[PDB]
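Peer 1:
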Amino acid sequence: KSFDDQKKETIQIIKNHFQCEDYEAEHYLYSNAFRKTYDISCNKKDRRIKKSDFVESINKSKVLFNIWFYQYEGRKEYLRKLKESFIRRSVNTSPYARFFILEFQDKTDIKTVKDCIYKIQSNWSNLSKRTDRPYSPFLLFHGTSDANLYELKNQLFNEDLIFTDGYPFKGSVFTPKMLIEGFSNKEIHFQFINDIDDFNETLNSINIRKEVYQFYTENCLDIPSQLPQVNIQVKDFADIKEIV
Amino acid sequence: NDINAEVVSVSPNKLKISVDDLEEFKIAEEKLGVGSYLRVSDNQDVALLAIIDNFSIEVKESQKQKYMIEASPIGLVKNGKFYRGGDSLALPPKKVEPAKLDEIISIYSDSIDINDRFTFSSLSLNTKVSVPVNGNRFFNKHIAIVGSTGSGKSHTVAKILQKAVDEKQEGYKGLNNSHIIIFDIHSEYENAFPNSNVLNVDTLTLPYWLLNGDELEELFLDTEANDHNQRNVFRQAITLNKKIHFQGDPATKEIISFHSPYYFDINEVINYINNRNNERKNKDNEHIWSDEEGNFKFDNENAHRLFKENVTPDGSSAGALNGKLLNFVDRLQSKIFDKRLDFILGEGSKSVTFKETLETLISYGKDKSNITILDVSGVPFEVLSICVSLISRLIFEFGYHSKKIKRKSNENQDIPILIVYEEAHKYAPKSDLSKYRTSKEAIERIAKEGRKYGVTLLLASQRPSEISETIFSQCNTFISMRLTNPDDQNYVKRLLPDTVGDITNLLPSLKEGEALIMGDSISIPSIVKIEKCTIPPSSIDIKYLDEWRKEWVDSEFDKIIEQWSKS
Amino acid sequence: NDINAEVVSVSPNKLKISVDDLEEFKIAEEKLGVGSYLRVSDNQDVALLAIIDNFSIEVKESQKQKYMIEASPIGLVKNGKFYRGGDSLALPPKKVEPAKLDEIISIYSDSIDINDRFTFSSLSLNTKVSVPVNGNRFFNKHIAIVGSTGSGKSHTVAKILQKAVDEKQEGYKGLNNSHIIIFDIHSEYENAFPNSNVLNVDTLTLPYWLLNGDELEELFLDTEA
Amino acid sequence: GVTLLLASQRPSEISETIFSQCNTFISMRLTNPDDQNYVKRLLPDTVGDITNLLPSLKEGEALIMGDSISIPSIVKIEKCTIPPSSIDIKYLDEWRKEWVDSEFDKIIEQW
Amino acid sequence: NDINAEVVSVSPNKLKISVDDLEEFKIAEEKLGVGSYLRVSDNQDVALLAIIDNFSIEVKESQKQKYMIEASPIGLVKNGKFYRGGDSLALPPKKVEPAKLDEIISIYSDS
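Chains as they are written, first to last, in the deposited numbering: chain A, 151 to 394; chain B, 5 to 571; chain C, 5 to 229; chain D, 458 to 568; chain E, 5 to 115.
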């Protein structure tokens with residue numbers, strides 16, 4: 151019944167409320183519920199509590215950051231709790247159209263973003279010469295200027311990491327077919343989706359199962375709701391690498 | 005990239021991995037060995053861990069080099085936790101790299117919790133990976149430590165007992181509850197454990213009356229001269245003598261049988277059988293004898309007075325056993341008067357009792373020690389199986405009376421005993437010869453029923469091929485040093501527990517110190533490197549080329565001859 | 005689709021199944037393993053049943069993946085009923101998909117009447133499929149339960165008797181007509197049956213006069229003298 | 458109407474005239490090759506690699522075979538919610554204790 | 005180069021030596037027989053030592069002579085000192101020479 155002892159008792163309360171599974175009760179639902187509890191207590195103006203809008207606000211299809219949950223067990227414990235929950239992997243990863251929407255801000259260095267791309271591409275692709283169904287992850291970045299976005303694009307291309315954005319030449323219109331044909335191309339490491347408008351055009355061109363792994367810090371993109379999504383909020387961009 | 009390997013074929017219990025690019029060239033030397041581990045996955049999260057079995061690096065003049073590693077899946081790692089199981093599928097192609105350090109540690113550390121880990125060795129191909137065994141299951145189940153001579157098998161045995169002796173929990177500075185009995189025939193562990201109780205023939209005193217019916221017959225009966233009269237009189241001479249010397253509670257005096265462990269005077273037993281050689285009889289077929297008290301018949305009420313030599317028989321005709329036991333009497337005096345059997349048939353066995361004998365065997369006397377080394381080098385070989393079976397049955401029955409007292413008392417103050425049988429094929433041979441049958445069934449009793457009474461065994465042998473399969477299979481945990489004889493290798497391979505594909509083919513190729521443990525106590529059958537002994541077992545071997553190179557020894561010949569004649 | 009497998013070779017007691025697409029990777033992990041059961045048919049009502057004995061997934065740079073499965077027919081499913089006998093012929097090609105849960109259950113339960121099933125275990129390779137024995141024929145014929153140390157031999161014995169006491173006609177509460185006598189030498193089944201009558205030497209009163217002539221001469225008489 | 462269940466840790470020491478009167482056989486792991494040769498010879502049916510699987514049967518894995526079960530199959534016995542009193546001694550747990558002095562003379566006096 | 009031999013295949017405990025020239029025509033008689041010792045190295049300092057187990061000299065009418073030597077490694081020599089337990093991986097191809105008099109002595113002398 152203490153701060154470090156009671157907290158397990160809320161899980162079965164959330165579990166029978168939504169008739170939900172165990173892994174999204176403790177990690178997705180209760181962690182979001184505790185965060186909005188702080189937001190009505192951290193402010194010193196309105197400490198009164200409502201219930202009608204509180205129940206549906208936490209089911210926003212996002213795993214918001216919890217600063218106390220990050221604190222009393224450390225960085226390594228908190229990032230692996232997100233590793234087994236929404237990044238459930240297998241030895242036989244299927245060729246699905248995986249989308250990685252990452253919030254790239256102007257305060258983020260290029261090298262830290264390149265380390266995350268090099269881990270996403272290595273873990274979510276199988277570009278073997280022997281496979282008949284190769285796959286490559288789709289990479290989308292937002293929240294950055296175009297000039298800073300092209301610097302990451304150019305440095306990635308120098309270290310032999312071949313990608314397509316649907317723009318095979320200068321002055322080209324967006325060609326979604328090059329993104330799909332690079333998914334089955336073993337010499338194309340990943341796909342660099344340029345922006346939101348090019349992102350939403352890409353989903354209409356694929357017929358196979360699609361997954362979305364959004365990792366952000368402040369703002370989140372309103373992805374269409376029918377496909378599976380993973381929305382995880384972190385502190386910095388370096389936390390994303392140890393989650394993918 | 006350092007290595008570019010890939011699964012190109014999948015079998016139900018085999019993987020075929022082709023290394024396409026090899027650039028660093030130390031991955032092949034260190035991380036692509038036969039006993040090495042590989043992770044098979046498209047990601048770093050969940051990997052199918054596999055051990056290598058074979059490889060064939062073919063090169064050609066114009067063709068590309070093909071490496072073709074053949075491996076077998078041993079289990080499944082997931083989020084740092086390793087699940088065993090060979091029935092896990094990795095659909096080819098899958099990226100293959102050598103297993104990282106944290107995954108190899110997760111093979112062994114995760115299966116056994118902290119309070120149950122017993123570490124005495126580290127992995128041979130990765131010295132940073134400690135290999136703990138389930139220390140409860142390591143010793144509660146029986147151990148077989150084999151490996152050819154010169155491979156350091158006795159190094160492996162003593163290192164295990166040294167770690168078990170130093171297995172002290174925090175709270176005390178005294179000795180722990182380790183109880184190790186070593187049947188040391190090569191006299192190696194005297195210098196391995198200096199704080200122990202080493203017992204040679206000049207120090208050990210084993211009572212002859214603690215032998216059961218099988219061991220008493222084996223010491224004194226002639227198998228070729230299998231006389232029913234010699235067999236049966238030996239029971240009546242001993243069982244009646246055990247009744248007389250009993251002076252405690254009279255309720256168990258008449259319950260004494262031949263196998264009951266009470267004291268009898270064997271000098272009186274010889275005098276009884278020698279008197280039965282002097283058997284006379286009358287018209288009524290009744291043997292009449294004369295002593296200082298007077299004339300008496302031969303019945304159970306006068307059977308006790310033939311135990312002294314001052315008996316003069318009275319009669320006319322030939323008795324039932326007149327002269328048929330003189331083969332027995334002269335064989336009995338060749339044993340009790342044998343100076344090499346002074347430790348089992350001398351005057352020391354007359355005065356010692358049951359309690360001091362058992363205090364000597366598990367070092368529970370005045371000088372308590374965790375390890376009791378029984379130096380059986382001086383024991384004659386024709387009585388060596390008897391002496392082993394006497395101690396083996398006494399310790400096992402001590403463990404029986406330990407448990408069933410505590411079964412009806414519900415106390416956790418327990419005495420678990422390990423018996424190290426070095427050169428175990430001597431004691432429990434494959435052959436069904438009758439001379440070693442006493443020690444074969446005593447070890448088999450400990451091998452089968454012994455783990456429930458807290459008496460478990462450790463079979464150490466450089467040549468396992470004469471160890472009987474009824475006893476060697478009871479050793480759930482099996483440790484193998486370098487084994488160079490194919491007869492020993494094929495005996496091991498067919499007696500083996502549930503292993504992995506080609507780990508037992510490394511037995512002839514083991515270097516110095518490398519071992520191989522399987523069984524329920526370890527997570528994975530693996531080639532480890534045993535921790536080097538800071539106090540190794542060294543036997544005092546007489547150095548012939550050192551002594552033969554010396555000048556002709558002239559003084560030390562008459563000292564040998566005059567000591568032979570007791571002068 | 006998720007599985008595209010078909011028979012490319014028929015022996016008298018061996019099938020050779022070639023997997024062509026295998027789009028869903030989840031099927032291959034648990035349903036295409038060795039010992040798993042495949043159904044072999046061109047229709048959805050009459051099918052062969054084949055247990056996988058071996059497989060070999062061959063992959064190469066230029067050609068497609070060669071996933072080849074060795075299976076052996078065990079029986080026949082006609083309209084949900086399983087009939088044993090692997091002598092039925094299925095001329096190739098016959099499309100192959102993994103057997104359903106009710107089909108594998110029908111392998112081990114359709115030879116037994118529903119009133120006559122006594123279940124104490126499930127299949128080792130598929131824990132969702134129970135393996136009943138014929139109930140009546142289990143106990144009136146003698147049973148030998150043998151195993152090594154720590155293998156659960158005492159657990160297997162205790163579980164079987166536990167289902168025997170739990171074997172009840174659905175008409176009553178209380179004790180059923182099960183009668184089990186255990187000769188416990190190692191004192192292990194007192195815990196496993198807490199509602200039983202454990203009889204050690206403190207409470208047992210065996211009358212000595214019910215012994216015959218031979219047993220009275222071992223309780224009282226020494227045979228050596 | 459009086460039948461028997463032969464539960465033995467060591468099947469090779471039961472009488473052949475008694476062990477063969479059984480019809481249903483439940484064979485768990487058997488490490489002793491004397492046990493395996495006795496069981497395989499007296500067994501009513503056979504399974505494909507019974508020589509190699511009898512050592513290799515895991516915990517709780519048996520082989521139900523005989524008159525009551527038509528297909529001799531490898532099963533997993535249902536987990537005991539009330540398990541029997543297991544016989545084992547956690548040696549390292551006992552050996553880590555300090556030297557037991559009191560419970561030694563009790564064993565000698567009752568012998 | 006009187007002898008030009010080369011490893012073409014490497015097993016855990018077996019090597020395939022391909023003699024390419026064999027100009028001397030006496031090296032094969034004494035130093036490439038079964039039981040002779042070979043020098044598997046690409047440098048003069050550190051060398052694998054392998055004993056010849058079996059050879060085969062196939063000769064055809066038009067093609068080249070394929071002298072194939074099957075040898076098994078026994079140990080390692082590092083600047084004149086022999087270390088037993090030969091399992092160090094010699095990545096093919098490698099120059100193969102008969103072991104000189106000093107290495108073969110070092111197999112038996114220094115131990």
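Quick reminder that beta carbons are idealized off the backbone N, C-alpha and C, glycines included.
Could you check the C-alpha separation between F365(A) and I330(A) for me, to the nearest Å?
Peer 2: If you take the alpha carbons of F365(A) and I330(A), they lie about 23 Å apart.
Peer 1: Just by C-beta distance, which residues in the region 56-79 of chain E are closer than 7 Å to chain B?
Peer 2: Per Cβ criterion, the list is empty.
Peer 1: In chain B, which residues lie with their C-beta within 8 Å of the C-beta of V38(C)?
Peer 2: Simply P16 and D91.
Peer 1: Does DSSP put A75(C) in a helix, in a strand, or in coil?
Peer 2: Correct three-state label for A75(C): strand.
Peer 1: Return the first residue and the last residue of the beta strand (DSSP E) that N331(B) is part of.
Peer 2: That residue, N331(B), is in no beta strand (DSSP E); its alpha helix (DSSP H) goes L330 to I340.
Peer 1: Suppose the cutoff is 6 Å on Cβ atoms and the five residues either side in sequence are ignored; what does the same chain contact list for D114(B) look like?
Peer 2: Same-chain partners within the cutoff: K85 and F86.
Peer 1: Per DSSP, which one or two residues make a beta bridge with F250(A)?
Peer 2: Looking at the DSSP assignment, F250(A) forms a beta bridge with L289(A).
Peer 1: Once DSSP output is grouped into helix, strand and coil, what is the label at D492(B)?
Peer 2: Helix at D492(B).
Peer 1: Does the beta carbon of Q567(D) come closer than 9 Å to any beta carbon on chain B?
Peer 2: Cβ-Cβ to chain B under 9 Å: yes for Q567(D).
Peer 1: Leaving out the 5 sequence neighbours to the left and right, which residues in its chain are closer than 8 Å to residue 409(A) when beta-carbon positions are compared?
Peer 2: There is simply no residue 409(A) to check, as chain A begins at 151 and stops at 394 in what is shown.
Peer 1: Since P96(E) meets chain B, which of its residues come closer than 9 Å, beta carbon to beta carbon?
Peer 2: Correct list: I61, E62, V63 and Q69.
Peer 1: Assign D46(E) to one of three DSSP states: helix, strand, or coil.
Peer 2: Looking at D46(E) - three-state DSSP - the assignment turns out to be coil, as it is neither helix nor strand.
Peer 1: Output yes if chain B places a C-beta closer than 9 Å to the C-beta of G175(C); else output no.
Peer 2: No - not a single Cβ of chain B is within 9 Å of the one on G175(C).
Peer 1: Between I312(A) and chain B, is any beta-carbon pair separated by less than 9 Å?
Peer 2: No - not a single Cβ of chain B is within 9 Å of the one on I312(A).
Peer 1: Alpha carbon to alpha carbon, how far is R553(D) from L165(B)?
Peer 2: Roughly 13 Å between the two C-alpha positions.
Peer 1: Do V135(B) and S110(B) have their C-beta atoms closer together than 9 Å?
Peer 2: Their beta carbons are not under 9 Å apart, which means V135(B) does not touch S110(B) by this criterion.
Peer 1: Determine the direct distance from the alpha carbon of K157(B) to that of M485(B), and round the result to whole angstroms.
Peer 2: If you take the alpha carbons of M485(B) and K157(B), they lie about 6 Å apart.
Peer 1: At a Cβ threshold of 9 Å, is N489(D) touching chain C?
Peer 2: For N489(D), the answer is yes, since a Cβ of chain C falls inside 9 Å of its Cβ.
Peer 1: CA-CA distance, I390(A) and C266(A)?
Peer 2: So the alpha carbons of these two residues sit roughly 7 Å apart.
Peer 1: So, at 8 Å on beta carbons, what are the nonlocal neighbours of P318(A) in its own chain, with the 5 sequence-adjacent residues on each side left out?
Peer 2: Within the same chain, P318(A) has close Cβ partners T325 and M328.
Peer 1: Just the chain A side, please: which residues come within less than 9 Å of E33(C) by C-beta, in chain order?
Peer 2: Within 9 Å Cβ-Cβ: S240, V241 and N242.
Peer 1: Which residues of the region 365-385 of chain B have a Cβ closer than 9 Å to any Cβ of chain D? Give them in chain order.
Peer 2: Cβ contacts with chain D come from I366, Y368, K372 and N374.
Peer 1: Considering only their Cβ atoms, is the gap separating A54(B) from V63(B) smaller than 9 Å?
Peer 2: In this structure, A54(B) does not lie closer than 9 Å to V63(B) by Cβ.
Peer 1: Report the option in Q376(A), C370(A) and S375(A) whose CA atom is closest to the CA atom of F215(A).
Peer 2: Nearest option by C-alpha distance: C370(A).
Peer 1: Using a Cβ-Cβ distance cut-off of 9 Å, determine whether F124(C) contacts chain A.
Peer 2: Chain A, which has no Cβ nearer than 9 Å to the Cβ of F124(C), makes this no.
Peer 1: Per the contact definition of three or more C-beta pairs closer than 8 Å, is the region 525-535 of chain D in contact with the region 336-354 of chain B?
Peer 2: Flag = no, the region 336-354 of chain B and the region 525-535 of chain D do not touch.
Peer 1: Looking at chain E, which residues of the region 513-539 of chain B have a Cβ within less than 9 Å of any of its Cβ atoms?
Peer 2: Cβ contacts with chain E come from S513, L514, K515, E516 and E518.
Peer 1: Looking at chain C, which residues of the region 429-459 of chain B have a Cβ within less than 9 Å of any of its Cβ atoms?
Peer 2: If the cut-off is 9 Å between Cβ atoms, the region 429-459 of chain B has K452, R455 and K456 near chain C.
Peer 1: Using CA coordinates, which residue listed in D6(E), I7(E), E101(E) and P96(E) is at the minimum distance from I61(B)?
Peer 2: For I61(B), the nearest C-alpha among the options comes from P96(E).
Peer 1: When you compare the CB of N119(C) with every CB in chain D, is at least one pair closer than 9 Å?
Peer 2: Not an interface residue.
Peer 1: Would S13(C) count as contacting chain D if we go by Cβ distances under 9 Å?
Peer 2: Closer than 9 Å: no.
Peer 1: Helix or strand or just coil, what does DSSP make of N166(A)?
Peer 2: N166(A) falls in the helix class under three-state DSSP.
Peer 1: When we look at the beta-carbon of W293(B) and count the other beta-carbons within 10 Å, is it buried (16 or more) or exposed?
Peer 2: Label assigned to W293(B): buried.
Peer 1: Among the candidates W556(D), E566(D) and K563(D), whose CA atom is the shortest distance from the CA of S373(B)?
Peer 2: When each option's Cα is compared against that of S373(B), the closest is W556(D).
Peer 1: Between which two residues does the alpha helix (DSSP H) containing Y404(B) stretch?
Peer 2: Looking at the DSSP string, the run of the alpha helix (DSSP H) that includes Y404(B) is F385 to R411.
Peer 1: Any C-beta of chain B sitting closer than 9 Å to the C-beta of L549(D)?
Peer 2: Closer than 9 Å to some Cβ of chain B, the Cβ of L549(D) qualifies, so yes.
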